[PDB]
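Below you'll find the structure, written out as structure tokens, and then a few comments.
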Amino acid sequence: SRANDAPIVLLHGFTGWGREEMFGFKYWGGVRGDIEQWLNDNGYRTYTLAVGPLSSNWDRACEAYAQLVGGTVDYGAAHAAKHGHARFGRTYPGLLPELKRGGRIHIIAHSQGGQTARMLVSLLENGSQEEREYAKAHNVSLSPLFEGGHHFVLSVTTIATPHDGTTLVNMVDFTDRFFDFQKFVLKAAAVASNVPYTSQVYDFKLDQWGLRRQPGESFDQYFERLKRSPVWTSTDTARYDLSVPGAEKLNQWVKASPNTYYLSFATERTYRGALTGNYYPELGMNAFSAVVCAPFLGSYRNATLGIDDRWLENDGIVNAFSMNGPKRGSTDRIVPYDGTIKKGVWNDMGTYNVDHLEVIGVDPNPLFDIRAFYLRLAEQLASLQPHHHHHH
Ligand SMILES: [Ca+2]
Ligand SMILES: [Zn+2]
């Protein structure tokens, strides 16, 4: 039973949006309903974050912080000068003002949101030495997020997160397919990609970059312009952070806080071929994944990059091997769940048979009791004890 009162905060990956976006079709729930609503009705206070889907984890984090405490998004002076984008972003009212008063939160994250959640914890706790130094050498102002000392997160839960990246980015035509993936997600919500909708619909929130869908332009047309923009061609991008090498760099500095609980959930929707060693998409896998991504992920090898047989099992988007926690270029410890949730370590909760999109309800799966999954997760989060008295 209940040991803490901390609210839950939901966070997406390389696709995602606000609750008011996509005509109310939820990222968290999809065709199965509204996950946040489910948790609230069952008494687990829950909120929802919406950050730039194609943005670097660093940008998201700066966005998350601000969206949480309120204020104007500060990407940090050293960071903005480094990558040529605006230092300042969109302003937010603050979902949880209580955070500045001593309160904590639980983050549940999907896909790339996992990387972001980890980074956010790091920045909250340690800040950025680079930013502090810059501020002092150029006499510029500094955001609190970079000063360290913030203790907002009691726990982080990751679901189908590419902690060590996804080999997907290695597809010869990754660029066009990744955008076809966005198009599929749009379709999933009954939204067309070839129609110049006047209403916002899907805000990619690229304020830092000066990018936005223009009037008369469909999603298909906007994606052609995004493809050639800095959010797809620079290192400060989700595209980079997504790669195996990118994930490893991020792992070099984004470490697990000894004051925070970490939970990992893995996904797979594949079967192994006996003659080839490869992995193939199961029945029921989202269409797109099954035709476009799955075959590549379950067959792609690269020994010079350390991609071997353990990397084949995938969930249609991300290699399963990458989900339990960051390992490549990491000092984080990963411990198998033995019935007891330990602090400052990745508690590997196992592997669940559902794809990348089914786990959040964007893709239908009648055999997966989604509500029960999230509810059981909320119960475990609530039982988390802030203080663990060392015993027999
Ligand atoms: Ca399915
Ligand atoms: Zn940036």
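Below, each value reflects all heavy atoms present in this structure, side chains not excepted, and no hydrogens, waters or symmetry copies. Counting convention: from 1, in listed order, for ligands and their atoms alike. Counting begins at 1 with the first residue of the sequence.
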Is it true that the side chains of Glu313 and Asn319 contain a donor and an acceptor less than 3.5 Å apart? no

Testing the 3.5 Å rule here: is there a donor-acceptor pair between the side chains of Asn251 and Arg118? yes

With side-chain hydrogen bond (donor to acceptor under 3.5 Å, both in side chains) as the test, would you mind laying out the steps for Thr270 and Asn314 before giving the verdict? CA-CA 6 Å; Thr270 53; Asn314 69 81; 5.0 Å; no

Shortest-distance N/O/S atom, [X] versus the Zn ion (ligand 2):
X: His79; value: NE2
X: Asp236; value: OD2
X: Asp59; value: OD1

Is the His83 ring parallel, tilted or perpendicular to the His85 ring (thresholds 30°, 60°)? parallel

Once you measure the plane-to-plane angle for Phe265 and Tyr352, does it fall in the parallel (<30°), tilted (30-60°) or perpendicular (>60°) bin? tilted

Could you go step by step and tell me if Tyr202 and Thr15 meet the side-chain hydrogen bond (donor to acceptor under 3.5 Å, both in side chains) rule? CA-CA 10 Å; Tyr202 194 6; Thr15 208; 3.0 Å; yes

Between the side chains of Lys255 and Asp332, is the shortest nitrogen-to-carboxylate-oxygen separation below 4.0 Å, so that they form an ion pair? no

Is it true that some N/O/S atom of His83, main chain or side chain, lies under 2.8 Å from the Zn ion (ligand 2)? no

Does the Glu268 side chain pair with the main chain of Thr351, one donor and one acceptor, at a distance under 3.5 Å? no

Protein-derived N, O or S atoms lying less than 3.0 Å from the Ca ion (ligand 1), waters not counted, sum to 4

